[PDB]
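Next up: just one chain, as structure tokens, the form deposited in one PDB entry.
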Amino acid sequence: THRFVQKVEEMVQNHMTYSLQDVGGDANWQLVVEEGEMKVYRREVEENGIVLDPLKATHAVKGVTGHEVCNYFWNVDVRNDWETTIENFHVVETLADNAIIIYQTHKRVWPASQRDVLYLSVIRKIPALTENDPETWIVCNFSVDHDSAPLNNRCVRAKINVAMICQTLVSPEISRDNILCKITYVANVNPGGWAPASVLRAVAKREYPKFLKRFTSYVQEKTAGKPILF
């Protein structure tokens, strides 16, 4: 029990309530890019001329579990292996074995100024609602304030609320051949400051599918031929 346990519970529960709902019957979501089971949706939203466009994606990854996907998403020691848009990151505070506060800077995308972020990152297991249902693994990354925040005069401070939500199906020794992880990934980013709307939309449209294809392939790569961590 650290000082964020209640805020964590609330963000996690809001994701479980709202973020998992199916979009596809929902015309409010624009399906922007499909590549197989990878589907990436946005809503076009701006506040005081700043693009906020909610991002929502689903995916189905053969051969890995939700537990594994989330550990790898969460574990700072493998970040450099799959991240391509980060210039620097620092762990600012360890809250618990499942929660940390991270400071990170993103590579500049010309001509906007550089962005930095300060966020709590927590990984959690949500037991099945009934023995009929899937257990779920979630990572939530959401912006928080911290006294130890770096001074970075190059950077505008972005605010994020991101969740990677994972459910695992097995069609039955259980083999990697028989496992499928369904991912829901949501990212609500306020970039701060101003940035050209066209720049923000082009960076999102390029970087989110790249990230999901890349990150998920990395998890397949690292886990293959290892005992399955359900």
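Residue numbers run from 1 along the displayed sequence. C-alpha atoms forming the largest set that superposes within 1.5 Å between two forms make up the rigid core.
Compared with other deposited structures of the same protein, residue 172 meets the criterion of being unmodelled in at least one third of those that resolve residues on both sides. The modelled chain breaks between residue 172 and residue 173, where 4 to 9 residues of the deposited sequence lack coordinates.
Mean CA temperature factor is higher for 17-25 when stretches 208-216 and 17-25 are set side by side in the entry. Stretches 36-44 and 181-189 differ in mean C-alpha B factor, with the higher average recorded for 36-44. Of the candidates 75, 132, 114, 121, the one whose C-alpha carries the top B factor in the deposited record is 132.
Of the candidates 176, 56, 59, 67, the PDB record gives 176 the highest C-alpha temperature factor.
Placement of the Cα temperature factor of residue 98 within the chain: middle third of the modelled residues, per the deposited record. Remark: residue 86 belongs to the middle third of its chain, ranked by C-alpha B-factor as recorded. Per the PDB record, residue ranking by Cα B-factor puts residue 92 in the middle third of the chain. Ranked within its chain, residue 159 lands in the lowest third, by CA B factor from the PDB record.
The discussion below concerns the form deposited in another entry, not included here.
For the residue set 97, 145, 77, 131, core-aligned C-alpha shifts between the shown form and the other one reach 2 angstroms or more at a single site, 131. After superposition on the rigid core, the Cα atom of residue 26 is displaced by 2 Å or more between the shown form and the other one. Contraction of the residue 151-residue 157 CA spacing by 3 Å or more is recorded in the other entry, set against this form. The distance between the CA atoms of residue 189 and residue 151 is at least 3 Å shorter in the other entry than in the form shown here.
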